[PDB]
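Beneath this line is the structure, given in structure tokens, with notes to follow.
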Amino acid sequence: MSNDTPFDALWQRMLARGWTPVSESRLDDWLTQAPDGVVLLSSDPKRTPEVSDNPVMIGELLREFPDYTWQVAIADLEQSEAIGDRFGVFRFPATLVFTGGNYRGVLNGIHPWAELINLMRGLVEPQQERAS
């Protein structure tokens, strides 16, 4: 956006943690090339306690399933809007998880850890909890 610095820094922060950037036309590429993974569409925060909230718990969350190589793809600001448009999302920025070329769900959980696990649990293994 006008004067990129906050989101710019934020993106670069998580980027340096080893999360590869994804483009709109490359989302489809990534989807078919990856065995499993999650895509973060980041437009603007709804409020957040702070700003980025600190996504460390997200990394350890996915890692309890080592059988799945979780390719975390983060998108550019203008790309998130385009990717969301192409998929049919509203606007709400969050972690969308995709597996087997299909849609698992979206991680609306952020703060509660025990609940966050349960949410991903329901998305990776459904029927047994899918509270959303």
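Sort out which residues of region 76-86 are of a type outside the set (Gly, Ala, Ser), in contact (Cβ under 8 Å) with a residue 12 or more places away in the chain and over 18 Å from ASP8 (Cα atoms), and write them in order of number.
We begin by selecting, within region 76-86, every residue of a type outside the set (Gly, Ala, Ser); these are 76-79, 81, 83, 85-86.
Imposing the further condition that a residue be in contact (Cβ under 8 Å) with a residue 12 or more places away in the chain reduces the set to 76-77, 79, 81, 83, 86.
Result: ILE83, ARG86.
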| said: I'd like the residue in region 1-38 that is on the phi < 0 side of the Ramachandran plot and of a type in the set (S, T, N, Q) and, out of all such residues, is surrounded by the most Cβ atoms within 10 Å (Cβ to Cβ). | reply: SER23
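Here is a yes/no grid of residues against (1) closer than 20 Å to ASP53 by Cβ; (2) small (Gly, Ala, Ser):
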site: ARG86; (1), (2): no, no
site: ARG91; (1), (2): yes, no
site: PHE98; (1), (2): no, no
site: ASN102; (1), (2): no, no
site: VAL106; (1), (2): yes, no
site: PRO112; (1), (2): yes, no
site: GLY122; (1), (2): no, yes
site: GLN128; (1), (2): no, no
| field | Pairs where the first residue, in region 23-51, is free of Cβ contacts under 8 Å to residues at least 24 places away in the same chain and under 22 Å from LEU62 (Cβ atoms) and the second is among the charged types (D, E, K, R) and not in a loop (DSSP other than H, G, I, E, B), C-beta under 9 Å, 6+ apart | value | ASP28/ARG86
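Tell me, please, whether a residue that is more than 27 Å from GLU129 (Cβ to Cβ) and exposed (fewer than 15 other Cβ atoms within 10 Å of the Cβ) can be found in region 88-110. Show your work before the answer.
As a first pass, look at region 88-110 and keep what is more than 27 Å from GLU129 (Cβ to Cβ): none.
Scanning region 88-110 turns up no residue that is more than 27 Å from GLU129 (Cβ to Cβ) and exposed (fewer than 15 other Cβ atoms within 10 Å of the Cβ).
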| remark: When every residue in region 78-87 that is crowded, with 18+ Cβ neighbours inside 10 Å and of a type outside the set (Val, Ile, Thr) is compared, the one farthest from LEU123 (Cα to Cα) is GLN79
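Of the residues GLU60, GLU125, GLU64, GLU50, which is over 23 Å from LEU15 (Cα atoms) and among the acidic types (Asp, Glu)?
Details: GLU60 fails: over 23 Å from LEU15 (Cα atoms); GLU64 fails: over 23 Å from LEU15 (Cα atoms); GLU50 fails: over 23 Å from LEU15 (Cα atoms).
Going through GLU60, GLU125, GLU64, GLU50 in turn, just one is over 23 Å from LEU15 (Cα atoms) and among the acidic types (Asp, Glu): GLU125.
None of the figures in this text is laboratory data; all of them are computed from the coordinates on show. Positions of Cβ are generated from backbone atoms using ideal geometry, with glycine treated the same way; all protein chains shown enter the neighbour counts.
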